[PDB]
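As structure tokens, the structure follows; a few thoughts come after it.
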């Protein structure tokens, strides 16, 4: 973001963001195991605060 | 001596059934609320 040309930019990437993926597992954006919500509470008591 | 004899026993019946039903429910409800304290866990974490 700023005074830059998408082009020049997109090129610099091509140049330094090298290395190509061979297998399919490399270009697979892994899905994350869902996180379960739990109605509950945690109470850290310190009357000295 | 006790003309009511009959109705009084028919009542005693309805009383037990309801009583049974209600005591059960209320026990659950009591347990359900206290569950928060019953399960509850605590640790002492001094700043050692």
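Coordinate-derived values only; no laboratory data. With ideal geometry, Cβ positions are generated from the backbone for all residues, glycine too; neighbour counts draw on all protein chains shown.
Points to keep in mind about this one:
- Residue match in segment A:31-46 (condition: in contact with a helix residue (DSSP H, G or I) (Cβ under 8 Å, 6 or more places away or on another chain) and either surrounded by 10 or more Cβ atoms within 10 Å (Cβ to Cβ) or part of a loop (DSSP other than H, G, I, E, B) (or both)): no
- Condition check for residue B:30: part of a helix (DSSP H, G or I), out of contact with any strand residue (DSSP E or B) (no Cβ under 8 Å at 6 or more places or on another chain) and more than 30 Å from residue A:47 (Cβ to Cβ): yes
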